[PDB]
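Read top to bottom, the protein sequences are chains F, A, T, E, C, B and D. Counting from 1, position 91 in the first sequence corresponds to residue 91 in the authors' numbering; the numbering is continuous, with no gaps. Counting from 1, position 90 in the second sequence corresponds to residue 90 in the authors' numbering; the numbering is continuous, with no gaps. Counting from 1, position 138 in the third sequence corresponds to residue 138 in the authors' numbering; the numbering is continuous, with no gaps. Counting from 1, position 108 in the fourth sequence corresponds to residue 108 in the authors' numbering; the numbering is continuous, with no gaps. Counting from 1, position 30 in the fifth sequence corresponds to residue 30 in the authors' numbering; the numbering is continuous, with no gaps. Counting from 1, position 74 in the sixth sequence corresponds to residue 74 in the authors' numbering; the numbering is continuous, with no gaps. Counting from 1, position 85 in the seventh sequence corresponds to residue 85 in the authors' numbering; the numbering is continuous, with no gaps. Following: one structure in structure tokens, then a few remarks.
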Amino acid sequence: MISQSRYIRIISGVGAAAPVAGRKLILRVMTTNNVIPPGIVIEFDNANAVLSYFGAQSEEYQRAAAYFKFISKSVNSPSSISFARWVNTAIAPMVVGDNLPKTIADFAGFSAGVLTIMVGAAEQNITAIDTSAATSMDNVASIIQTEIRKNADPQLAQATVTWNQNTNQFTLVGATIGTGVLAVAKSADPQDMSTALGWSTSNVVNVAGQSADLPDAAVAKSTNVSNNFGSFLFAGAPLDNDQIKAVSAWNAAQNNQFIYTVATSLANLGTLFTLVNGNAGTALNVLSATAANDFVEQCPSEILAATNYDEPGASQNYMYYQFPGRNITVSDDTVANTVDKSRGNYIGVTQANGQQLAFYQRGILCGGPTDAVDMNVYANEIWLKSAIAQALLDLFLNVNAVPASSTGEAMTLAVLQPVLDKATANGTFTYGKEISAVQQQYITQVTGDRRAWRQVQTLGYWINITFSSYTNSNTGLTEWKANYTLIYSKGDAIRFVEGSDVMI
Amino acid sequence: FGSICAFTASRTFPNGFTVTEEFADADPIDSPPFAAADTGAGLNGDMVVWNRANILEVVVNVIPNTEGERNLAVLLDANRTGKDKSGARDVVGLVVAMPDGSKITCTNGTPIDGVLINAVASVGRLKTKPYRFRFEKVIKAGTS
Amino acid sequence: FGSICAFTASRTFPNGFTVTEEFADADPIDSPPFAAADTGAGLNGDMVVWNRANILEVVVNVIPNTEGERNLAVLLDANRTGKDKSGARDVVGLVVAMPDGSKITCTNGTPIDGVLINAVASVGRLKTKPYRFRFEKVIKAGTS
Amino acid sequence: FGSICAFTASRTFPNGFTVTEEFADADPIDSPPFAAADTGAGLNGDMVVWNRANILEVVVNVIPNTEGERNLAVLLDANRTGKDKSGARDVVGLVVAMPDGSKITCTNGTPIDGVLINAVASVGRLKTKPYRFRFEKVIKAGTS
Amino acid sequence: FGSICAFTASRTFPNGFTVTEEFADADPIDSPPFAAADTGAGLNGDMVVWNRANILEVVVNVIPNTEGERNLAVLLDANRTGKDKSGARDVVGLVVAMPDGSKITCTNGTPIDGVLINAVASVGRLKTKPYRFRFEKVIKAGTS
Amino acid sequence: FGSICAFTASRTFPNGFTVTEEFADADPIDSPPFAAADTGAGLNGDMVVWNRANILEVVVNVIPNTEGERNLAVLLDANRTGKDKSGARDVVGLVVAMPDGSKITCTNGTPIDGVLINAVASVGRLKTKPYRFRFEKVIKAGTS
Amino acid sequence: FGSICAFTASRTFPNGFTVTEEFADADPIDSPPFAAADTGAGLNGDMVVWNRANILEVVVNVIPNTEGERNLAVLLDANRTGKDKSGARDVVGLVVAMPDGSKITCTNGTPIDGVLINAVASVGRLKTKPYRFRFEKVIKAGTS
């Protein structure tokens with residue numbers, strides 16, 4: 001009889017939800033674990049995937065378990081995380097691209113006439129390798145390693161072959177460190193390890209000899225590979241003050257695109273604030289010296305990742321969030337006052353009506369007066385910039401041409417209008433805020449048109465577009481551009497309450 | 001004289017289309033007066049005032065056989081109600097570019113009125129097309 | 001100028017007839033505006049919109065004494081209500097061929113208005129015949 | 001131009017009388033438009049149609065002082081309602097002979113409107129007489 | 001041209017008075033149309049007719065300052081309703097003699113409309129006087 | 001041409017004032033028609049008549065900037081109702097002297113209509129002032 | 001000819017703004033007639049009168065693109081009701097300076113009518129802006 005699942009199929013006990021329904025910023029972690037190859041970025045949609053890939057003992061799983069286990073004021077969860085590799089020390093050339101679960105011990109029968117071809121600087125080959133016994137994959141790796149050692153080539157003289165159980169990757173590390181390029185090609189010999197081993201099939205990652213690089217340069221390569229993240233951090237041991245300052249300056253070079261979260265002690269908090277004064281986009285979180293790490297630096301990242309900007313009411317404040325896993329950092333008013341001068345965030349404890357309450361006390365970012373001090377406005381600006389850029393690129397991609405005339409301006413405004421409607425719906429845009437004389441003068445200065453401050457007071461925003469001509473640097477040819485200006489208001493929030501009780 | 005209108009639709013015309021033929025003896029881009037408040041006078045001369053609620057209304061006349069008119073007819077037929085036809089619920093947007101700047105943008109709206117087929121007048125010429133619209137939010141960005 | 005209308009009837013004129021005399025100072029092939037939606041604005045500025053239901057309407061004026069006018073009168077008299085006369089319930093169809101292609105076809109319809117007998121005006125000429133109609137579905141096959 | 005009307009009455013004018021003076025600036029032999037059906041459109045675009053009931057109506061203007069006008073006045077006065085006067089309930093018939101054949105006959109009818117006494121206009125001339133009528137059955141014998 | 005009207009009142013003017021100045025641009029001796037019957041059509045085409053009841057109405061315009069106008073004003077003031085004034089209930093009679101015989105007589109009637117005081121127009125002349133009337137019985141003795 | 005009006009008020013103008021500027025293209029000293037009776041006709045032709053109750057109404061147009069106009073404005077403002085102002089309840093009287101005698105006197109009355117502030121027309125001139133009135137009793141002492 | 005209007009607002013324009021472009025073929029500074037009393041007449045001729053309550057109304061037309069028109073548009077948009085916008089509840093005042101003195105001042109008022117966006121007429125020119133107003137108290141300091 002037919003299995004009856006051919007017509008109606010019902011699965012019970014899993015109930016997986018829809019993967020993606022909106023736009024969400026996600027955390028990026030720069031780790032020095034040797035498992036991840038330097039040149040790739042890996043995204044995990046669930047904590048169990050991190051557990052399987054890295055292992056239970058790894059600190060990455062410890063971070064991921066805390067990160068995925070978070071519920072915001074609205075019932076939301078991050079649902080995504082990404083990892084990148086930082087090359088802390090010098091690395092020898094390696095070849096690893098093997099993700100297929102081929103380690104079913106199906107290597108017997110390939111013993112006869114092995115001829116693996118390696119395309120290095122100078123090509124060299126390997127004689128027949130006997131893997132008929134195939135007692136274990138470790139033994140097969142050792143037999144392969146010995147036949148690599150048989151060569152007199154400096155790279156292959158002391159090359160090593162390893163194996164990892166949790167993943168399914170076969171790795172070879174060159175004998176020389178600092179410089180070199182190693183690669184393999186697929187041969188036509190039927191008894192070749194090119195197909196038997198993972199190398200030279202579909203995706204294989206080739207990494208050349210590399211010297212140690214600074215973290216500021218390290219994060220740039222990761223951003224070049226992919227930029228689908230927000231609020232990155234550095235894992236492992238804490239960085240030096242100069243390295244932190246350099247990364248902060250690099251982040252400030254980008255204009256309101258990412259947040260840098262760093263964990264510091266009470267002693268070092270005063271010193272860092274002097275160096276990282278200004279440099280918008282940097283968050284300082286105080287670390288407790290009497291307990292475990294607790295990953296306090298991840299506190300703003302989780303709040304950012306939980307937000308869904310497609311839904312109304314997305315915008316939210318950062319000054320009251322309870323993290324049961326985290327521990328207490330400060331408990332005195334004078335210590336809190338000293339920390340607040342340095343614009344540091346922490347978890348503070350207080351008692352009200354016999355109940356102790358602990359929450360993320362502050363949401364202040366270090367930066368200049370022109371920059372957005374609060375975290376919520378910074379995140380809203382990030383989302384707004386991303387949406388506007390995406391809309392403009394879509395308009396360019398889906399039209400024959402955009403004339404340098406009034407028609408082009410009308411087209412560009414029409415494309416941008418729905419994004420502005422969504423921004424008003426989210427809570428990024430607020431209406432009815434009173435405008436002072438200084439702000440009125442600034443608005444009339446930025447936009448030559450007067451009475452625009454009236455519109456930003458009433459409706460809450462103002463936008464206009466013009467076109468002009470310029471010449472690019474690469475060629476002497478003249479081209480045309482467009483310019484637009486957007487003014488909007490920042491919302492206020494209540495964070496302190498005072499009252500008086502009078503009896504008769 | 002150099003006046004254009006760019007229409008966009010969320011589903012039918014995601015990228016939008018432009019109309020430039022505004023027709024001869026009809027009034028293009030017409031808007032009825034807007035009522036904003038009402039008053040009442042009580043006995044002994046007291047006056048009370050309250051705010052009324054209304055939305056912006058616009059109508060544009062076009063040449064019987066032009067690309068913009070054909071696109072407008074396509075939009076109206078897409079949103080229309082009929083015996084056996086799918087109804088695409090889409091919100092329309094309009095931006096008007098006048099000579100000497102003065103851009104005006106309307107965000108949320110829908111078609112209201114139209115004429116299904118062409119009609120010939122007594123003189124022997126094709127008649128024009130009303131194509132009424134209504135909108136919710138209006139922003140003026142060209143006071144300069 | 002080169003405009004014709006072919007009328008078909010379910011029972012009276014199964015093979016149909018053609019009319020070409022569209023008359024001089026009346027409006028031939030006239031169509032009233034078609035209302036498609038209605039709106040309302042609640043307190044605090046919220047806007048709500050719903051779809052109205054309507055059908056296409058067409059009226060054609062003809063010369064008092066012509067073959068097309070006589071066929072139209074025959075069609076109207078068959079469906080009319082009267083003291084002692086059979087009423088043939090038939091569905092009518094109309095296709096309009098304009099110069100430069102642009103065929104327009106209406107499927108389900110019925111006669112509504114007419115003038116029973118000829119009337120003479122003050123100047124001494126015979127008067128015009130309105131012959132109103134309404135239809136259910138309209139399809140346009142005149143993209144060319 | 002060569003148009004005549006023969007009026008017959010069951011009681012007052014059993015043999016009938018003829019009228020030929022159709023007056024100058026008013027419209028002789030006028031007939032309002034006739035409505036034959038009504039329609040409604042339900043939700044989802046369904047269309048329903050039903051037949052309305054109506055009768056033929058005709059009005060003829062005449063010279064103030066002529067034999068036909070005097071006979072028409074006699075008929076209206078005979079059927080009229082008054083303080084102390086007999087009311088003769090009679091049915092009227094009308095046959096209209098047009099140039100080039102085309103006879104039109106109306107069978108059952110009654111007078112409805114009129115003007116009781118002559119009136120003088122501002123210019124100094126006598127005014128015309130409306131003399132409205134309505135009928136039940138109409139037959140056309142003017143195929144030629 | 002040689003038109004004369006004689007008015008009689010049972011109490012105010014037992015012997016009657018005559019009016020000959022019929023004024024220039026207004027309509028003297030005007031009479032609205034008279035409705036005599038109404039009809040209804042039932043389902044399946046049956047027609048039913050009934051008689052309506054109405055009375056004769058007449059209005060005459062006169063020169064602002066003439067003896068006939070003064071007598072008409074006296075009559076209207078006598079029959080009028082006012083704060084403290086006697087109201088004489090009298091029935092009026094009217095006979096109109098046209099050129100070439102044609103006497104028309106109205107028996108029972110009363111005044112309805114008038115203008116109390118003289119009014120000056122924009123050009124600088126006195127305005128005319130409507131002086132409406134209604135009557136019950138009318139007899140025509142002008143067969144000649 | 002030689003027409004004057006003397007207005008008197010019981011409280012505001014006990015001795016009265018005179019107005020002589022009657023203005024150019026408006027109608028000075030206008031009076032609507034007066035209805036005095038109503039009638040009905042029952043079945044079988046019986047006629048019944050009853051008296052209606054009405055009062056005299058008069059309106060006078062004046063030049064925008066004259067002494068008479070200013071006095072009329074003062075009277076209207078005195079009698080008017082407002083937020084915080086005393087209301088003087090006074091009875092007004094009017095006597096009109098026409099060329100060749102013919103005095104007309106109205107005893108009990110009150111202002112009804114007016115225009116609060118001056119308005120400018122399109123051409124660039126000040127606009128006219130209606131100043132409507134109504135009265136209770138009218139007596140004519142102009143037999144001569 | 002030398003006429004100006006100074007507008008003040010309690011919140012939007014605390015110091016006020018002036019308007020001088022009154023536009024050509026529309027009527028600037030127009031005011032409808034004001035009704036102040038009503039009357040009734042009882043049986044036997046008794047007359048009763050009572051005071052009605054009303055307020056002053058004014059409307060001013062302006063050139064489509066001028067500073068005064070832009071300020072008026074700003075005021076109307078500030079007070080208007082909309083989807084998501086603050087509503088500033090402010091009272092407006094108007095003083096009108098005419099040639100040869102004659103100042104007129106209105107104290108408490110509010111905007112009522114306007115046109116949201118500019119419209120183009122058939123001839124190809126921008127259309128006018130009505131900008132209606134109403135006020136509670138009016139004082140005249142123009143005796144000179």
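C-beta atoms are modelled at their ideal positions from N, C-alpha and C, and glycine is treated no differently.
#1: So which of C:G124, C:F17, C:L56, C:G45 has the shortest CA-CA distance to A53 of chain E?
#2: With three or more C-beta pairs closer than 8 Å as the rule, is the segment 68–75 of chain A touching the segment 381–391 of chain F?
#3: From the DSSP output, read off the bridge partner residues of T8 of chain E.
#4: Does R134 of chain D have its Cβ less than 8 Å from a Cβ in chain A?
#5: Let me make sure I understand the geometry here. Which of B:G2, B:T8, B:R125, B:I117 has the alpha-carbon closest to that of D90 of chain B?
#6: Could you check whether the segment 62–70 of chain T touches the segment 29–45 of chain T, counting it as contact only if at least three pairs of C-beta atoms, one from each stretch, sit closer than 8 Å?
#7: Where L397 of chain F and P14 of chain A are concerned, what is the direct C-alpha to C-alpha distance, given to the nearest angstrom?
#8: Pick helix, strand or coil for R80 of chain E, following the three-state DSSP scheme.
#9: Suppose contacts are defined by Cβ-Cβ distances below 8 Å. Is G281 of chain F in contact with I303 of chain F by that definition?
#10: Quick one: Cα of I126 of chain F to Cα of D189 of chain F, how far?
#11: What residue from F:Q457, F:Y431, F:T338 has the CA that sits closest to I443 of chain F's CA?
#12: Report the three-state DSSP secondary structure of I29 of chain B (helix, strand or coil).
#13: Can you check which of these residues, B:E69, B:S122, B:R11, B:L56, is closest to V115 of chain C by C-alpha distance?
#14: Consider the Cβ of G40 of chain T: report whether some Cβ of chain E lies at a distance smaller than 8 Å.
#15: What are the boundary residues of the alpha helix (DSSP H) that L304 of chain F is part of?
#16: Spell out the partners DSSP gives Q322 of chain F in its beta bridges.
#17: Measuring alpha carbon to alpha carbon, tell me which of E:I29, E:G109, E:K103, E:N61 ends up nearest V49 of chain C.
#18: In the DSSP assignment, find the unbroken alpha helix (DSSP H) run with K103 of chain C in it and report its ends.
#19: Report the residue from F:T271, F:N255, F:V225, F:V276 whose alpha carbon sits nearest the alpha carbon of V247 of chain F.
#20: Applying the 10 Å Cβ sphere with the 16-neighbour rule, what's the burial state of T271 of chain F?
#21: Are the segment 80–89 of chain F and the segment 320–335 of chain F touching by the rule of at least three beta carbon pairs closer than 8 Å?
#22: Can you tell which of B:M98, B:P130, B:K129 has its C-alpha closest to the C-alpha of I117 of chain C?
#23: Check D449 of chain F in the structure and name its three-state DSSP category.
#24: Rounded to the nearest angstrom, what separates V438 of chain F and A372 of chain F at their Cα positions?
#25: Which residue from A:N61, A:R70, A:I139 puts its Cα closest to that of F17 of chain A?
#26: Give me the DSSP bridge partner(s) of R454 of chain F.
#27: Figure out for me which residue from T:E136, T:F23, T:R132, T:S10 has the closest Cα to the Cα of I112 of chain T.
#28: Would you check if the distance between the CB atom of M30 of chain F and the CB atom of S222 of chain F is smaller than 8 Å?
#29: Am I right that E297 of chain F and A252 of chain F are in contact with their C-beta atoms under 8 Å? What's the rounded C-beta distance?
#30: Could you tell me which chain E residues have their CB closer than 9 Å to the CB of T81 of chain A, listed as they occur along the chain?
#31: Check whether the segment 206–213 of chain F and the segment 180–195 of chain F are in contact - that is, three or more C-beta pairs closer than 8 Å.
#32: According to the Cβ coordinates, are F135 of chain B and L94 of chain B closer than 8 Å?
#33: Just checking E57 of chain C against the ligand ATP - is the residue's beta carbon closer than 7 Å to any of the ligand's heavy atoms?
#34: Please report the residue range of the alpha helix (DSSP H) in which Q145 of chain F lies.
#35: What in chain A is Cβ-close to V115 of chain D, meaning under 7 Å?
#36: Going by alpha carbons, who is nearest to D421 of chain F out of F:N164, F:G460, F:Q445?
Reading off the structure:
#1: C:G45
#2: no
#3: E:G93
#4: yes
#5: B:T8
#6: no
#7: 13 Å
#8: coil
#9: no
#10: 12 Å
#11: F:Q457
#12: coil
#13: B:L56
#14: no
#15: 299–306
#16: In DSSP, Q322 of chain F forms no bridge with anything.
#17: E:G109
#18: Taken as a continuous stretch (DSSP letters only), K103 of chain C belongs to no alpha helix (DSSP H), being part of the beta strand (DSSP E) at 103–106.
#19: F:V276
#20: exposed
#21: no
#22: B:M98
#23: coil
#24: 18 Å
#25: A:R70
#26: Note: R454 of chain F sits in no beta bridge, so no partner.
#27: T:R132
#28: yes
#29: In fact, because the Cβ distance is near 18 Å, the residues do not count as touching under 8 Å.
#30: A41, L43, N44, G45
#31: yes
#32: yes
#33: As far as ligands go, the structure on display features none, and thus does not contain the ligand ATP.
#34: 137–149
#35: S31, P33, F34
#36: F:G460
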